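Here's the structure we're looking at; comments come further down.
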Amino acid sequence: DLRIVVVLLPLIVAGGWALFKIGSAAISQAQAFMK
Amino acid sequence: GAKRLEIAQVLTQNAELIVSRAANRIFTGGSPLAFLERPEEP
Amino acid sequence: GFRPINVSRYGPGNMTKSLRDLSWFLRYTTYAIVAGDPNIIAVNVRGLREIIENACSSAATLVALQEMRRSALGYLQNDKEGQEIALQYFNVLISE
Amino acid sequence: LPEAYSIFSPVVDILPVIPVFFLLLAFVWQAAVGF
Amino acid sequence: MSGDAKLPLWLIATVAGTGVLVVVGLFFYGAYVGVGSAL
Amino acid sequence: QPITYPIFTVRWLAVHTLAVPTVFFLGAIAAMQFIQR
Amino acid sequence: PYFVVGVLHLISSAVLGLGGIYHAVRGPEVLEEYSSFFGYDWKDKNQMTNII
Amino acid sequence: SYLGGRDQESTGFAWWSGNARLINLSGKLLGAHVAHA
Amino acid sequence: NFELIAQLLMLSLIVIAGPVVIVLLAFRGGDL
Amino acid sequence: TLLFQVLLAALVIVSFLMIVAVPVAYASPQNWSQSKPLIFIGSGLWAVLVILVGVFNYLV
Ligand code: CLA
Ligand code: CLA
Ligand code: CLA
Ligand code: CLA
Ligand code: HEM
Ligand SMILES: CC1=C(/C=C/C(C)=C/C=C/C(C)=C/C=C/C=C(C)/C=C/C=C(C)/C=C/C2=C(C)CCCC2(C)C)C(C)(C)CCC1
Ligand SMILES: CC1=C(/C=C/C(C)=C\C=C/C(C)=C/C=C/C=C(C)/C=C/C=C(C)/C=C/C2=C(C)CCCC2(C)C)C(C)(C)CCC1
Ligand SMILES: [Ca+2]
């Protein structure tokens, strides 16, 4: 089952770019509604 | 004032060209620079 | 919202007042440079735009006078000293 | 298809399709300004 | 480059419109080669 | 003066659903098309 | 002869392409107002028969 | 007085019906057909 | 296929050769 | 006939230069006087080079 590994490697660099580039504003939006 | 005359002594002979630079961006269908009525000499 | 106007829609008797003003905008600029004071530019321009608001375009005058200024200071690239004088004086003509 | 011109057989193959591109260009211009 | 934060909408309507128009153009090319071609 | 809008909402999840499985399937279609019998 | 008849249409589109960009952009907007020839009004019917 | 140009509101025509700014303009109608021919 | 690649390249150059006449007018200030 | 590469290869890159530079010159009031001539040296190069591929068609 090595072939499932290479197909989710663009799936994890999809969210891996979502960490570094916006997510400073996301935790401030997770700071919203006092919870 | 010797410098201030030299600014006018560059602009007076270049004023006939500088309207053809100016009017060619706001006018399209005609050579507006030759559509002028310049004051004649004699 | 500016478009350049065509001469055929404008009129030859309507534009012969127009094109002599373009020489007249710099003829008084050359008058004010040797006069040493920009008062004559800054007094014959106040409310000229609201005179010619019906006939001429107000947006076409700003873009014409700006590139009249920019092409005139391109002629003063050699002296390096009077170019900042006329940049002060043409900016009176734009801002008034 | 002439022997001398030849090599072009890439470039003159596409030359009908450019009048379709003349219509869509107009849409781009309209998108630009005035709409 | 920020007067507004990016180049405007008609520039991105083109290349993401051409990016649509190449993929549906890729589909009609694939009716003629490949497994469904009968060639 | 200014207005701040929130980034994530219900519609951020409404538009990503049927777009994350769209361009992942667009890619699948292209891949399927290149390959042959 | 089949090749030269299309290049004589391919080169004849470029000089027919210069007119449709000069007369649409740089040229005059008031076609009529000129040397009393073209333009028209669509209602001076003696002029509109001369185009046909 | 006029000489508005090619907008929505000087001629009453929109971005579609995208010639009828050139019904009365004689010169640019010639540039329509010569670019078309 | 080199010929096919060249043909595709020719098609490429020429498609966005269209709108680069539009953006160069829309950023130098030419009246569109 | 090896000249028939480089003549018409120069034509296809100078006529690609005319699909783009002609609406720029036509497009602006600002550069029209400066650019007006540049079409007569522009198209005048393109005219005699289409004439020169004409005589070199028959010669090879
Ligand atoms: C006998 C020849 C003939 C005639 C009478 C016409 C007539 C027309 N053409 Mg056309 N054309 C022709 C040959 C012809 N064409 C050829 C050989 C080519 C090269 C392939 C073109 C390329 C061409 C382009 C690129 C464009 C036209 C457009 C137009 C329309 C002009 C004005 C307009 O905006 O209408 C308004 C028209 C409508 C609101 C809808 C009309 C829908 C018609 C009935 C469908 C067919 C259009 C046209 C006849 C064929 C174009 C095919 C394709 C390139 C799009 C009009 C319908 C313009 C147009 O409007 O495109 C649709 C346009 O952009 N033509
Ligand atoms: C439907 C076509 C058509 C029509 C009706 C017009 C009409 C006009 N053009 Mg024009 N033009 C056209 C196509 C057309 N143009 C094309 C395709 C181009 C690009 C080459 C131009 C480039 C052009 C320029 C650059 C100018 C005009 C100008 C003018 C105006 C004055 C005419 C004049 O005094 O010329 C004088 C006429 C002659 C000296 C006679 C020459 C006749 C030709 C060259 C001989 C060949 C005729 C030919 C054999 C007939 C059969 C054609 C066949 C090959 C299909 C007039 C309104 C002028 C203008 O707008 O005013 C400022 C102007 O300066 N035109
Ligand atoms: C010789 C042909 C001819 C000419 C010169 C004109 C001229 C004109 N028409 Mg017109 N028209 C014609 C034939 C013609 N008509 C025919 C035959 C139809 C029926 C289909 C129409 C339907 C039509 C509509 C629907 C209306 C006009 C209007 C107008 C005026 C404005 C044009 C405009 O803004 O374009 C508008 C152009 C568009 C919106 C672009 C639409 C492009 C269509 C959708 C393309 C069609 C598909 C095409 C083949 C592409 C296929 C690509 C392929 C890959 C799928 C103008 C006077 C308007 C009017 O009354 O003003 C006075 C009006 O509202 N036209
Ligand atoms: C056969 C297709 C055809 C043709 C010839 C025209 C022609 C014209 N339209 Mg038009 N139109 C069309 C289809 C067409 N249209 C369609 C399908 C629509 C619906 C989307 C419209 C919608 C439309 C509107 C709403 C308006 C026009 C206007 C105009 C006129 C002036 C354009 C202008 O001022 O902008 C100038 C544009 C530019 C400077 C942008 C640069 C684009 C360049 C010039 C294109 C050509 C580049 C070319 C590839 C280079 C050729 C190579 C060379 C060697 C020959 C012009 C005659 C306008 C008008 O009435 O004029 C006042 C107007 O208001 N049209
Ligand atoms: C898993 C992959 C994806 C990631 C990581 C992602 C990331 C994001 C982010 C971070 C935003 C918020 C924008 C911002 O505030 O900066 C957003 C919104 C958006 N995304 Fe994506 N996206 C993905 C998939 C897609 C796809 C496939 C599309 C369709 C082409 C798409 C279209 C949009 C749209 C239209 C918005 C705006 C919606 C809204 O905010 O209301 N996204 N995406
Ligand atoms: C490439 C080549 C060749 C060729 C060469 C040549 C020789 C070319 C030429 C071409 C040409 C030589 C073209 C031309 C064209 C022209 C035209 C097409 C014209 C038109 C005209 C018009 C359109 C007009 C109009 C008008 C006016 C403007 C005025 C009056 C009115 C009228 C309307 C008439 C050959 C085959 C050898 C071979 C291969 C190579
Ligand atoms: C002869 C010849 C030539 C020339 C050519 C030409 C003629 C060019 C031009 C071209 C052109 C002129 C092109 C155009 C294009 C266009 C485009 C590319 C557009 C568009 C696209 C799209 C995709 C669209 C989209 C859309 C829609 C659909 C609608 C709405 C809006 C939007 C944007 C969204 C050369 C020398 C080079 C080569 C050789 C041959
Ligand atoms: Ca070819």
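How things are named: the first chain in the structure tokens is A, the next is B, and so on; residues count from 1 in each chain; ligands count from 1 in the order shown.
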
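For chain D, backbone-based DSSP assignment of helix (DSSP H, G or I) covers residues 6, 7, 8, 11, 12, 13, 14, 18, 19, 20, 21, 22, 23, 24, 25, 26, 27, 28, 29, 30, 31 and 32 of chain D.
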
Let me see if you get this right: every residue at most 9 Å from ligand 6, counting only C-alpha atoms and all ligand atoms, written as a PDB file with C-alpha atoms, in the first residue's frame.
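The result, stored in out-v1.pdb:
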```pdb
ATOM      1  CA  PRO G   1      -2.775  28.147 -57.690  1.00  0.00           C
ATOM      2  CA  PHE G   3      -1.824  28.236 -52.391  1.00  0.00           C
ATOM      3  CA  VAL G   4      -1.419  31.708 -53.899  1.00  0.00           C
ATOM      4  CA  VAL G   5      -5.121  32.501 -53.795  1.00  0.00           C
ATOM      5  CA  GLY G   6      -5.216  32.377 -50.011  1.00  0.00           C
ATOM      6  CA  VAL G   7      -2.004  34.271 -49.350  1.00  0.00           C
ATOM      7  CA  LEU G   8      -3.467  36.930 -51.626  1.00  0.00           C
ATOM      8  CA  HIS G   9      -6.375  36.850 -49.178  1.00  0.00           C
ATOM      9  CA  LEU G  10      -4.113  36.540 -46.147  1.00  0.00           C
ATOM     10  CA  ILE G  11      -2.080  39.630 -47.015  1.00  0.00           C
ATOM     11  CA  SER G  12      -5.216  41.463 -48.152  1.00  0.00           C
ATOM     12  CA  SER G  13      -6.694  41.102 -44.669  1.00  0.00           C
ATOM     13  CA  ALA G  14      -3.871  43.052 -43.037  1.00  0.00           C
ATOM     14  CA  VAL G  15      -4.343  46.143 -45.180  1.00  0.00           C
ATOM     15  CA  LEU G  16      -8.068  45.655 -44.636  1.00  0.00           C
ATOM     16  CA  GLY G  19      -8.635  50.557 -41.929  1.00  0.00           C
TER      17      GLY G  19
ATOM     18  CA  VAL H  34     -13.666  47.386 -42.600  1.00  0.00           C
TER      19      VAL H  34
ATOM     20  CA  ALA J  47       5.396  45.740 -47.150  1.00  0.00           C
ATOM     21  CA  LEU J  49       9.518  42.084 -46.997  1.00  0.00           C
ATOM     22  CA  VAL J  50       6.243  40.520 -48.126  1.00  0.00           C
ATOM     23  CA  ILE J  51       7.336  41.664 -51.571  1.00  0.00           C
ATOM     24  CA  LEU J  52      10.732  40.027 -51.037  1.00  0.00           C
ATOM     25  CA  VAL J  53       9.258  36.683 -49.989  1.00  0.00           C
ATOM     26  CA  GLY J  54       7.198  36.910 -53.177  1.00  0.00           C
ATOM     27  CA  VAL J  55      10.190  36.991 -55.524  1.00  0.00           C
ATOM     28  CA  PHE J  56      11.988  34.394 -53.432  1.00  0.00           C
ATOM     29  CA  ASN J  57       9.010  32.061 -53.757  1.00  0.00           C
ATOM     30  CA  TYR J  58       9.464  31.781 -57.522  1.00  0.00           C
TER      31      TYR J  58
END
```

For segment 16-33 of chain D: contacts at 7 Å, only C-alpha atoms, fewer than 6 positions along chain excluded, given as number ranges by chain: E: 10; I: 18, 22

For ligand 3, collect every residue having any atom at a distance of at most 7 Å from a ligand atom (counting only C-alpha atoms and all ligand atoms); output as a PDB file with N, CA and C atoms, in the first residue's frame.
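Full text of out.pdb as output:
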```pdb
ATOM      1  N   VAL D  20     -12.375  33.032 -34.018  1.00  0.00           N
ATOM      2  CA  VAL D  20     -13.112  32.806 -32.779  1.00  0.00           C
ATOM      3  C   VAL D  20     -12.507  33.621 -31.650  1.00  0.00           C
TER       4      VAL D  20
ATOM      5  N   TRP H  16     -24.363  45.344 -23.701  1.00  0.00           N
ATOM      6  CA  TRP H  16     -24.957  44.638 -24.819  1.00  0.00           C
ATOM      7  C   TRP H  16     -25.780  45.644 -25.611  1.00  0.00           C
ATOM      8  N   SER H  17     -26.376  45.175 -26.710  1.00  0.00           N
ATOM      9  CA  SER H  17     -26.718  45.996 -27.873  1.00  0.00           C
ATOM     10  C   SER H  17     -25.507  46.851 -28.233  1.00  0.00           C
ATOM     11  N   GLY H  18     -24.407  46.148 -28.472  1.00  0.00           N
ATOM     12  CA  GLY H  18     -23.096  46.756 -28.528  1.00  0.00           C
ATOM     13  C   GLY H  18     -22.676  47.188 -29.912  1.00  0.00           C
ATOM     14  N   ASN H  19     -23.599  47.788 -30.599  1.00  0.00           N
ATOM     15  CA  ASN H  19     -23.233  48.624 -31.719  1.00  0.00           C
ATOM     16  C   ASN H  19     -23.991  49.933 -31.752  1.00  0.00           C
ATOM     17  N   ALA H  20     -25.213  50.002 -31.218  1.00  0.00           N
ATOM     18  CA  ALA H  20     -26.168  51.089 -31.450  1.00  0.00           C
ATOM     19  C   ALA H  20     -25.775  52.474 -30.931  1.00  0.00           C
ATOM     20  N   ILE H  23     -25.109  53.862 -34.657  1.00  0.00           N
ATOM     21  CA  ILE H  23     -26.135  54.123 -35.657  1.00  0.00           C
ATOM     22  C   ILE H  23     -25.914  55.490 -36.278  1.00  0.00           C
TER      23      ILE H  23
END
```

Give me, as a ChimeraX atom specification, all polymer residues having an atom no more than 10 Å from residue 23 of chain E, counting only C-alpha atoms and skipping those fewer than 6 positions away in the same chain. /E:29 /F:26-27,29-30

Give one line per residue of chain J that approaches chain I to at most 9 Å, naming the two atoms of the closest pair and their distance in Å to one decimal, counting only C-alpha atoms; sort by chain then ascending residue number and deliver it as a tab-separated table.
```
residue	atom	partner	partner_atom	distance
J:16	CA	I:17	CA	8.6
J:19	CA	I:17	CA	8.0
J:20	CA	I:21	CA	5.5
J:21	CA	I:21	CA	7.9
J:23	CA	I:21	CA	7.1
J:24	CA	I:25	CA	6.5
J:27	CA	I:30	CA	5.6
J:28	CA	I:30	CA	4.8
J:29	CA	I:30	CA	7.6
J:30	CA	I:30	CA	8.2
```

At a cut-off of 8 Å, list the chain B residues touching chain C, using only C-alpha atoms, as a VMD selection string. chain B and resid 1 3 to 5 7 to 8 10 to 12 15 to 16 18 to 19 21 to 23 25 to 30 32 to 33 35 to 38

Would you export the selected residues with N, CA, C and O atoms as a tab-separated table (two decimals), in the first residue's frame, please?
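The resulting part_3.tsv:
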```tsv
chain	number	residue	atom	x	y	z
B	1	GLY	N	17.14	86.30	-11.73
B	1	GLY	CA	16.46	86.70	-12.95
B	1	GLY	C	17.16	86.30	-14.22
B	1	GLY	O	16.50	86.14	-15.26
B	3	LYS	N	18.62	83.38	-14.47
B	3	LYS	CA	18.13	82.02	-14.62
B	3	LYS	C	16.67	82.01	-15.05
B	3	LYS	O	16.27	81.18	-15.87
B	4	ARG	N	15.89	82.96	-14.53
B	4	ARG	CA	14.45	82.99	-14.81
B	4	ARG	C	14.16	83.40	-16.24
B	4	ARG	O	13.11	83.04	-16.78
B	5	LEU	N	15.06	84.15	-16.87
B	5	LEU	CA	14.90	84.42	-18.29
B	5	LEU	C	15.25	83.19	-19.12
B	5	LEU	O	14.67	83.00	-20.19
B	7	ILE	N	14.66	80.08	-18.37
B	7	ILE	CA	13.52	79.17	-18.38
B	7	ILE	C	12.52	79.61	-19.43
B	7	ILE	O	11.97	78.78	-20.17
B	8	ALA	N	12.30	80.91	-19.55
B	8	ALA	CA	11.43	81.42	-20.61
B	8	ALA	C	12.09	81.30	-21.98
B	8	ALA	O	11.40	81.11	-22.98
B	10	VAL	N	13.81	78.82	-22.98
B	10	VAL	CA	13.69	77.45	-23.43
B	10	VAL	C	12.24	77.13	-23.77
B	10	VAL	O	11.96	76.35	-24.68
B	11	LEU	N	11.30	77.81	-23.11
B	11	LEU	CA	9.90	77.49	-23.31
B	11	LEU	C	9.26	78.23	-24.46
B	11	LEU	O	8.24	77.77	-24.97
B	12	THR	N	9.82	79.37	-24.88
B	12	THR	CA	9.16	80.17	-25.90
B	12	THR	C	9.32	79.55	-27.28
B	12	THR	O	8.35	79.48	-28.04
B	15	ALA	N	7.21	76.14	-27.23
B	15	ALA	CA	5.79	76.18	-26.91
B	15	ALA	C	4.93	75.68	-28.07
B	15	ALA	O	3.81	75.23	-27.85
B	16	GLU	N	5.44	75.78	-29.31
B	16	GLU	CA	4.70	75.30	-30.47
B	16	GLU	C	4.74	73.78	-30.53
B	16	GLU	O	3.78	73.16	-31.00
B	18	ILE	N	5.02	71.91	-27.65
B	18	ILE	CA	4.51	71.36	-26.40
B	18	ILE	C	2.99	71.30	-26.38
B	18	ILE	O	2.43	70.56	-25.56
B	19	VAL	N	2.31	72.01	-27.27
B	19	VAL	CA	0.86	71.87	-27.33
B	19	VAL	C	0.53	70.64	-28.16
B	19	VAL	O	-0.43	69.92	-27.85
B	21	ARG	N	2.35	68.02	-28.08
B	21	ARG	CA	2.44	66.95	-27.11
B	21	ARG	C	1.19	66.90	-26.25
B	21	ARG	O	0.68	65.82	-25.94
B	22	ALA	N	0.63	68.06	-25.91
B	22	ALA	CA	-0.47	68.13	-24.96
B	22	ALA	C	-1.79	67.72	-25.60
B	22	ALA	O	-2.51	66.88	-25.06
B	23	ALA	N	-2.13	68.31	-26.74
B	23	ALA	CA	-3.43	68.09	-27.35
B	23	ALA	C	-3.57	66.74	-28.03
B	23	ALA	O	-4.69	66.33	-28.33
B	25	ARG	N	-3.10	63.83	-26.73
B	25	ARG	CA	-3.66	62.81	-25.86
B	25	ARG	C	-5.15	63.01	-25.63
B	25	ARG	O	-5.86	62.03	-25.38
B	26	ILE	N	-5.65	64.23	-25.77
B	26	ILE	CA	-7.06	64.51	-25.52
B	26	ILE	C	-7.88	64.65	-26.80
B	26	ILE	O	-9.11	64.74	-26.72
B	27	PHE	N	-7.24	64.68	-27.96
B	27	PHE	CA	-7.95	64.80	-29.23
B	27	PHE	C	-7.55	63.65	-30.13
B	27	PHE	O	-6.38	63.25	-30.15
B	28	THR	N	-8.51	63.12	-30.88
B	28	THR	CA	-8.31	61.91	-31.66
B	28	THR	C	-8.36	62.13	-33.17
B	28	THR	O	-7.41	61.79	-33.87
B	29	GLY	N	-9.46	62.70	-33.68
B	29	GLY	CA	-9.74	62.59	-35.10
B	29	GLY	C	-8.98	63.55	-35.99
B	29	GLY	O	-9.02	63.40	-37.22
B	30	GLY	N	-8.27	64.52	-35.42
B	30	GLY	CA	-7.61	65.51	-36.24
B	30	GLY	C	-6.29	65.95	-35.64
B	30	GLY	O	-6.16	66.12	-34.43
B	32	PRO	N	-4.94	68.39	-34.32
B	32	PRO	CA	-5.33	69.60	-33.61
B	32	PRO	C	-4.19	70.63	-33.52
B	32	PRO	O	-4.46	71.80	-33.56
B	33	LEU	N	-2.93	70.19	-33.51
B	33	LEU	CA	-1.81	71.16	-33.45
B	33	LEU	C	-1.86	72.12	-34.65
B	33	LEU	O	-1.55	73.29	-34.44
B	35	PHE	N	-4.65	72.78	-36.13
B	35	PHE	CA	-6.03	73.32	-36.08
B	35	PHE	C	-6.06	74.59	-35.24
B	35	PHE	O	-7.15	75.09	-34.94
B	36	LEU	N	-4.89	75.06	-34.83
B	36	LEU	CA	-4.73	76.28	-34.00
B	36	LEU	C	-4.85	77.55	-34.85
B	36	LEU	O	-4.86	77.45	-36.09
B	37	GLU	N	-4.98	78.67	-34.15
B	37	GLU	CA	-4.94	80.03	-34.68
B	37	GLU	C	-3.86	80.75	-33.87
B	37	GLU	O	-4.13	81.41	-32.86
B	38	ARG	N	-2.62	80.60	-34.32
B	38	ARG	CA	-1.53	81.27	-33.65
B	38	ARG	C	-1.50	82.76	-34.01
B	38	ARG	O	-1.96	83.14	-35.09
```

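Note that the spacing between atom CA of residue 21 of chain F and atom CA of residue 6 of chain F amounts to 24.2 Å.
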
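Identified as lying at most 10 Å from ligand 8 when counting only C-alpha atoms and all ligand atoms are the residues residues 1, 5, 6, 7, 8, 9, 10, 11, 12, 13, 14 and 15 of chain D; 7 and 10 of chain I.
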
Considering only C-alpha atoms, extract the chain F residues located within 10 Å of chain A and return them as an mmCIF file with N, CA, C and O atoms, in the first residue's frame.
```cif
data_model
loop_
_atom_site.group_PDB
_atom_site.id
_atom_site.type_symbol
_atom_site.label_atom_id
_atom_site.label_comp_id
_atom_site.auth_asym_id
_atom_site.auth_seq_id
_atom_site.Cartn_x
_atom_site.Cartn_y
_atom_site.Cartn_z
ATOM 1 N N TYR F 5 -14.182 41.729 8.060
ATOM 2 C CA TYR F 5 -15.108 40.621 7.953
ATOM 3 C C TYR F 5 -14.439 39.344 8.459
ATOM 4 O O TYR F 5 -13.212 39.228 8.424
ATOM 5 N N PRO F 6 -15.214 38.382 8.965
ATOM 6 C CA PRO F 6 -14.615 37.114 9.382
ATOM 7 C C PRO F 6 -14.215 36.276 8.188
ATOM 8 O O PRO F 6 -14.824 36.340 7.119
ATOM 9 N N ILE F 7 -13.169 35.479 8.383
ATOM 10 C CA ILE F 7 -12.626 34.684 7.289
ATOM 11 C C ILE F 7 -13.477 33.450 7.056
ATOM 12 O O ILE F 7 -14.106 33.296 6.004
ATOM 13 N N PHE F 8 -13.534 32.572 8.043
ATOM 14 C CA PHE F 8 -14.326 31.365 7.929
ATOM 15 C C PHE F 8 -15.753 31.653 8.358
ATOM 16 O O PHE F 8 -15.989 32.382 9.323
ATOM 17 N N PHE F 24 -10.248 18.361 -7.651
ATOM 18 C CA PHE F 24 -9.624 17.060 -7.498
ATOM 19 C C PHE F 24 -10.196 16.089 -8.514
ATOM 20 O O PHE F 24 -9.476 15.228 -9.032
#
```

At most 9 Å from ligand 5 (only C-alpha atoms and all ligand atoms): residue list as a PyMOL selection string: (chain A and resi 11+14-19+21-23+25-26) or (chain F and resi 6-24)

Written file, previous selection with C-alpha atoms, as an mmCIF file, in the first residue's frame:
```cif
data_model
loop_
_atom_site.group_PDB
_atom_site.id
_atom_site.type_symbol
_atom_site.label_atom_id
_atom_site.label_comp_id
_atom_site.auth_asym_id
_atom_site.auth_seq_id
_atom_site.Cartn_x
_atom_site.Cartn_y
_atom_site.Cartn_z
ATOM 1 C CA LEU A 11 -3.434 16.476 0.100
ATOM 2 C CA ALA A 14 -2.619 21.574 0.471
ATOM 3 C CA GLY A 15 -3.326 22.072 4.165
ATOM 4 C CA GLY A 16 0.380 22.583 4.837
ATOM 5 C CA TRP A 17 0.252 25.841 2.927
ATOM 6 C CA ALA A 18 -2.951 26.703 4.818
ATOM 7 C CA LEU A 19 -1.029 26.688 8.103
ATOM 8 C CA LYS A 21 0.067 31.756 5.118
ATOM 9 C CA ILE A 22 -3.297 32.804 6.623
ATOM 10 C CA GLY A 23 -3.484 31.120 10.005
ATOM 11 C CA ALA A 25 -5.566 35.636 11.397
ATOM 12 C CA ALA A 26 -7.412 32.352 11.945
ATOM 13 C CA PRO F 6 -14.615 37.114 9.382
ATOM 14 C CA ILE F 7 -12.626 34.684 7.289
ATOM 15 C CA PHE F 8 -14.326 31.365 7.929
ATOM 16 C CA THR F 9 -18.108 31.155 7.975
ATOM 17 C CA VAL F 10 -20.787 28.677 6.939
ATOM 18 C CA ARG F 11 -20.320 29.668 3.322
ATOM 19 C CA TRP F 12 -16.576 29.005 3.387
ATOM 20 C CA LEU F 13 -17.576 25.429 4.129
ATOM 21 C CA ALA F 14 -20.460 25.649 1.667
ATOM 22 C CA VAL F 15 -18.318 26.710 -1.274
ATOM 23 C CA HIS F 16 -15.337 24.427 -0.585
ATOM 24 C CA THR F 17 -17.524 21.398 -0.519
ATOM 25 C CA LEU F 18 -18.297 20.954 -4.247
ATOM 26 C CA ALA F 19 -15.086 22.730 -5.092
ATOM 27 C CA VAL F 20 -12.450 20.639 -3.311
ATOM 28 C CA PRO F 21 -14.085 17.563 -4.896
ATOM 29 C CA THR F 22 -14.383 19.528 -8.151
ATOM 30 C CA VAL F 23 -10.775 20.314 -9.040
ATOM 31 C CA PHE F 24 -9.624 17.060 -7.498
#
```

Report as a VMD selection string the set of chain E residues whose atoms approach chain D to within 10 Å, with distances computed over only C-alpha atoms. chain E and resid 8 to 11 13 to 14

Output file for the selection above: C-alpha atoms, as a compact mmCIF listing (two decimals), in the first residue's frame:
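Written file, part-v4.txt:
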```txt
# COMPACT_ATOMS: atom_id res chain seq x y z
CA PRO E 8 -8.32 43.69 -10.83
CA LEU E 9 -11.11 41.33 -11.76
CA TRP E 10 -11.00 41.36 -15.56
CA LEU E 11 -7.39 40.19 -15.57
CA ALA E 13 -11.47 36.57 -15.34
CA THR E 14 -9.25 35.92 -18.37
```

Contacts with ligand 2 at most 12 Å, only C-alpha atoms and all ligand atoms counted, listed as a PyMOL selection string: (chain B and resi 28-31) or (chain C and resi 7-8) or (chain G and resi 8-9+11-40+51) or (chain H and resi 26-37) or (chain J and resi 26+36+39-40+43)

Between J:3, J:9, J:34, J:41, which residue has the minimum interatomic distance to ligand 7, considering only C-alpha atoms and all ligand atoms?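 The answer is J:9, which sits nearest to ligand 7.
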
Hey, list the chain H side of the contact with chain D: 8 Å cut-off, only C-alpha atoms, answer as a PyMOL selection string. chain H and resi 7-8+15

File of the preceding selection, C-alpha atoms, as an mmCIF file, in the first residue's frame:
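Result file is result_14.cif:
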```cif
data_model
loop_
_atom_site.group_PDB
_atom_site.id
_atom_site.type_symbol
_atom_site.label_atom_id
_atom_site.label_comp_id
_atom_site.auth_asym_id
_atom_site.auth_seq_id
_atom_site.Cartn_x
_atom_site.Cartn_y
_atom_site.Cartn_z
ATOM 1 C CA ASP H 7 -21.116 54.849 -21.878
ATOM 2 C CA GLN H 8 -24.448 53.593 -20.613
ATOM 3 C CA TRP H 15 -22.852 47.079 -22.846
#
```
